[PDB]
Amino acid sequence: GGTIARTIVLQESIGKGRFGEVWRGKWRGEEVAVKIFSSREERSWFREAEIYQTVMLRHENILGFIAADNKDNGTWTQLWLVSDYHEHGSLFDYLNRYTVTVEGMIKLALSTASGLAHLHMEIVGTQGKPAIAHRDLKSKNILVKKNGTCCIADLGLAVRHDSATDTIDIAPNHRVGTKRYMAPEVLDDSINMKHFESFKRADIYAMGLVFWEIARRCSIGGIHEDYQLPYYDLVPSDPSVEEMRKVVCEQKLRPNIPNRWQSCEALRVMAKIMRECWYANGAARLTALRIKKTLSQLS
């Protein structure tokens, strides 16, 4: 019989995501995480399985993928994505629960940037990995390991670049990601979707907003800021594209960078990075590689 879903016992409901219900389960004694999709969600299940099975994807800062599989309970069929299980949940959950040291902030920002750098990087060869842009990077799509480093997950909305023919592996649909985290050029539809670099640039804007989320919780001498999502001060919960666009593109606002942060060297390097991810012109933004180097030198 099958060697995956067949032998997995589900233990705890984690919650309903955009696509896929998440569960914590047990696989030959080991804790695993399982995304369950229904048969009418086959497209999203397949696409996410496809991305995670990209040659040479595995990296310690991308979620460790185990298998896609089917499970027939006798009444209906379930479509399964199985992965490593991370007890701390998302970077969102961790930043709400906890404050971090300077050491902790740098681990979270570095590991995240290393994950994105791996995604973005083309590796030549037959086993060579295609460049990949996430398209929905946000604190809820990044998980926190026990060792205090991040890994990027929820790769269902990702696009892959064929550098041989300069084509993207899907016919992309405008504005698929989380509205709050969409880059300006996404919010106003000026993004050139027939340029793969444009997708990598949108990811960098989103990562800047995530770094901001982290930096707020770095507690030095007792001083830290409460957890907020980006633009908590400017837009409602569940903001519309129009609400986001009026703030990010018309009023040209970005999350606030507190005075406190220029006191410390680490927060000053982080603050400089945020601003250099938040340019309205994607071309001027830092690359994930360049950000990885900087946080490596800082650490």
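Between two forms, the rigid core is the largest collection of C-alphas that superpose within 1.5 Å. So that there is no doubt, residue numbering starts at 1 and follows the sequence shown.
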Stretch 162-170 versus stretch 115-123: after rigid core alignment, which one is farther off in C-alpha RMS in 4 other deposited structures of this protein?
162-170
Please pick 283-291 or 17-25, whichever has its Cα atoms farther from the shown form in 4 other deposited structures of this protein after a rigid core fit.
17-25
Mean B factor on CA atoms, stretches 24-32 and 264-272, record says higher is 264-272
For the higher mean C-alpha B factor in the entry, choose 143-151 or 219-227.
219-227
By the CA temperature factor listed in this entry, which of these ranks top: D238, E250, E42, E243?
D238
Using the entry's values, work out which of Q78, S83, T75, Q127 has the largest Cα B factor.
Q127
In terms of the chain's CA B-factor thirds, is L10 lowest, middle or highest?
lowest
Sorting the chain's modelled residues by C-alpha B-factor and splitting them into thirds places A202 in the middle
Consider only the C-alpha atoms of the modelled residues in this chain, order them by B-factor as the entry records it, and name the third containing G64: lowest, middle or highest.
lowest
Within-chain third of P172 by Cα B-factor, per the entry
highest
Based on the entry's values, in what third of the chain does the Cα temperature factor of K194 lie: lowest, middle or highest?
highest
